[PDB]
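# Results of the structural survey
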Amino acid sequence: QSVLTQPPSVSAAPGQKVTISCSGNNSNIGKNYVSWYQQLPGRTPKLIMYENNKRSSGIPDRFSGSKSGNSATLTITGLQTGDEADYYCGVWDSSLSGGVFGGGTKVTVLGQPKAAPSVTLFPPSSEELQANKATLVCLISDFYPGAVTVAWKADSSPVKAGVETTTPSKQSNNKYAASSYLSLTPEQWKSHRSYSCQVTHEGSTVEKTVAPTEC
Amino acid sequence: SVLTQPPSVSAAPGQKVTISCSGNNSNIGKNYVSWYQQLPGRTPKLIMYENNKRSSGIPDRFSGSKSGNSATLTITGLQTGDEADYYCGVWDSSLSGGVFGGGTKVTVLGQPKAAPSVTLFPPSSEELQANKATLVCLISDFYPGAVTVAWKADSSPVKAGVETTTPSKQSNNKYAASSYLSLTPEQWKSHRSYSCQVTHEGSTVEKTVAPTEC
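Residues numbered from 1 in each chain as written, not as in the entry; some residues may be left out. Chains lettered and ligands numbered in written order. Heavy atoms only, no water. Residues with missing side-chain atoms left out of burial classes, pairs and counts.

As deposited, the entry is annotated with X-ray crystallography as its determination method and 2.10 Å as its resolution.

### Let's talk about the pattern of salt bridges
Residue and element names in this part refer to chain A. Condition: By definition here, a salt bridge exists when the distance from a side-chain nitrogen of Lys or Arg to a carboxyl oxygen of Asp or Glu is within 4 Å. Note on exposure labels: buried denotes an accessible area under 20% of the residue type's maximum, exposed denotes more than 50%, and partly exposed covers the range between, all computed with a 1.4 Å probe on protein chains only.
Taken as a whole, this structure holds 6 salt bridges over all chains when the rule is applied. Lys54 is the salt-bridge partner of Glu51, the closest N and O atoms lying 2.8 Å from each other. The exposure class assigned to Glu51 is partly exposed, which follows from its relative accessible area of 31%. When its relative accessible area of 38% is taken as the criterion, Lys54 is described as partly exposed.

### Side note on the domain arrangement of chain B
All names here are of chain B. Counted only if it meets this: Domain segmentation is taken from an automatic or database assignment of domains. Here a residue-residue contact requires only that any non-hydrogen atoms of the pair lie within 4.5 Å. Accessible surface is computed with a 1.4 Å probe, and the buried area is the amount of it that two parts give up when combined, taken over both parts together. By the criterion applied in these results, polar contacts are pairs of N or O atoms within 3.5 Å in which, for protein atoms, one can donate a hydrogen and the other can accept it, and in which residues neighboring in sequence qualify only through two side-chain atoms.
Parsing chain B into structural domains produces domain 1 (1–111) and domain 2 (112–214). Taken over C-alpha atoms, the centre of domain 1 sits 40 Å from the centre of domain 2. Taken together, the 9 residues of domain 1 in the interface contact 8 residues of domain 2. Here domain 1 packs against domain 2, burying approximately 620 Å² in sum over the two surfaces, 48% of which is carbon and sulfur. Of all residues in domain 1, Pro40, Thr80 and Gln111 bury the most surface against domain 2, accounting for 71% of the area lost on that side. Remark: the boundary between domain 1 and domain 2 carries 0 salt bridges. Remark: the boundary between domain 1 and domain 2 carries 3 residue pairs in polar contact.

### Considering the pairing of strand 3 (residues 34–38) of chain B
Residue and element names in this part refer to chain B. Stated formally: Numbering of helices and strands runs from the N terminus, with a helix taken as a DSSP run of H or I at least four residues long and a strand as a DSSP run of E at least two residues long. Between any two strands, pairing holds if DSSP finds at least two bridges.
The element strand 3 is largely enclosed, with a buried count of 5 among its 5 residues. Side-chain alternation along strand 3 places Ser34, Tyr36 and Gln38 on one buried face and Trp35 and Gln37 on a second face that is also buried. Two elements, strand 3 and strand 8 (residues 85–92), share 5 bridges in a ladder whose sense is antiparallel. What sits directly across from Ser34, in strand 8, is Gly89.

### Comments concerning the state of the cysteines
The following threshold applies: A pair of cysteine sulfur atoms is labelled a disulfide when the two atoms are within 2.5 Å.
In the structure shown here, the tally under the stated rule is 3 disulfides over all chains. A sulfur-sulfur separation of 2.0 Å characterises the disulfide bridge that pairs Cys215 of chain A with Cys214 of chain B. Its torsion about the S-S bond being -120°, the disulfide of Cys215 of chain A and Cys214 of chain B is classed as left-handed. Residue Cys215 of chain A is found in the segment after strand 19 (204–210), and its partner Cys214 of chain B is found in the segment after strand 19 (203–209); the two belong to separate chains. Residue pairing for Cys137 of chain B: its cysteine sulfur links by disulfide to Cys196 of chain B, the two sulfurs lying 2.1 Å apart. When the S-S torsion is -90°, as for the bridge of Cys137 of chain B with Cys196 of chain B, the disulfide is left-handed. Of this pair, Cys137 of chain B sits in strand 12 (residues 133–142) while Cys196 of chain B is found in strand 18 (residues 194–200), placing the two residues 59 residues apart along the sequence.

### A closer look at the sheet that holds strand 6 (residues 62–67) of chain B
Residues and elements named next belong to chain B. Note the following rule: In this analysis an axis means a line fitted to C-alpha atoms, helices contributing only their contacting stretch, and an angle means the value between N-to-C directions, from 0 to 180 degrees.
The strand order 2-7-6 describes an open sheet built from 3 strands, whose pairing is antiparallel. Only two strands of the sheet have a single partner each, and these edge strands are strand 2 (17–22) and strand 6. Each adjacent strand pair in this sheet contributes to an overall mean axis angle of 15°, direction not counted.

### What about the interface of chain A and chain B?
Our working rule: Classes in brief: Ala, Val, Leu, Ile, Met, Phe, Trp, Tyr, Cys and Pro nonpolar; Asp, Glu, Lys and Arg charged; the others, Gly included, polar.
The interface is formed by 35 residues belonging to chain A together with 42 residues belonging to chain B. Going through the elements one at a time, strand 8 (85–93), strand 9 (98–101), strand 11 (118–122), helix 2 (126–130), strand 12 (134–143) and strand 17 (176–184) of chain A are the ones with two or more residues in the side of chain A that touches chain B. No other element matches the 4 residues that strand 12 of chain A contributes to the side of chain A that touches chain B. The class makeup of the residues in the side of chain A that touches chain B is 11 nonpolar, 20 polar and 4 charged.

What follows is the structure, encoded as structure tokens:
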């Protein structure tokens, strides 16, 4: 169980500053020691901050931790390429008697203009339905920074199963792409009036819809 | 770390792996132990609490035990989706804070090759009405995470407009990618069909889509 909320994405131009907030409650962030972890691409997560504001060895003074009430923050000044990573907050929860973690934040050092994703929502193909299978594909392309949050709905109701979203990858145009897909049975697909893919990018959200219809 | 864990444990699929964690009388020996799973690129998730209790929806394969100043996590019948970093957590009554082990990387050895599932989508009516056409070749459940993609317009290679994403580990540590070909509504309607050829571990999977009468 996790109550710790962090922004999915933060970014700034090199030399600038980012702040990564993590909001919790009294049982966790409010009464216990907050740690921060850095997860570099394809690397094991390393402790960078502990006891709210103590830097781990080798971590530059540009990185600073703070805590106010039930929320903790990791601030990074003089932002440089090597700070690009996913960061997450970790804290003891005294009511739960276990550790709770933030959902993580990708930090991007802006090297090009920001671009809103192009969202193209594909219904299940005829060939697929003929095989009693159904896959909804939400193609997400031409975005920068390379981080998206995807949420699917079936008639305004959040989908909690069969969702897979790829990790953004830099394409030939230097912008990112990803696809999110939902595996359903033709019955599940036809039992609902519509399906929606909601794509969040830098606090900007776009929702697209698809419904079962014959050619 | 305050708690001592082995760095790695590796086993063939279906085998039993053991992860032990040692502490003292103030932490493991006194307080309830929890276990955390961290899938590559994701955050740690609690899988075990109160030494032997599984968290919501955690599979039966996972079991936990506690003896004296030690705790063990056992994965019976190992799966490729179990490949993760595992951490032991507990409250230290001496330090009056929560302590963890250094983590154990669980490797699934001699991992079987998994052929990609290939699903090809034509441009939807909505897209074509907006004067656009994108074909998406969805490539899922493969292992290892390397694919080669080639597209054909009728039986002629498509040497432009092709983009394929870098394979990425899905929930089950298998891979997914997607190839997409952007065309004009005219280029789409002109041809009899389009093909997407996926090459994985020297084997090819080809799918074909043609414009419909609407």
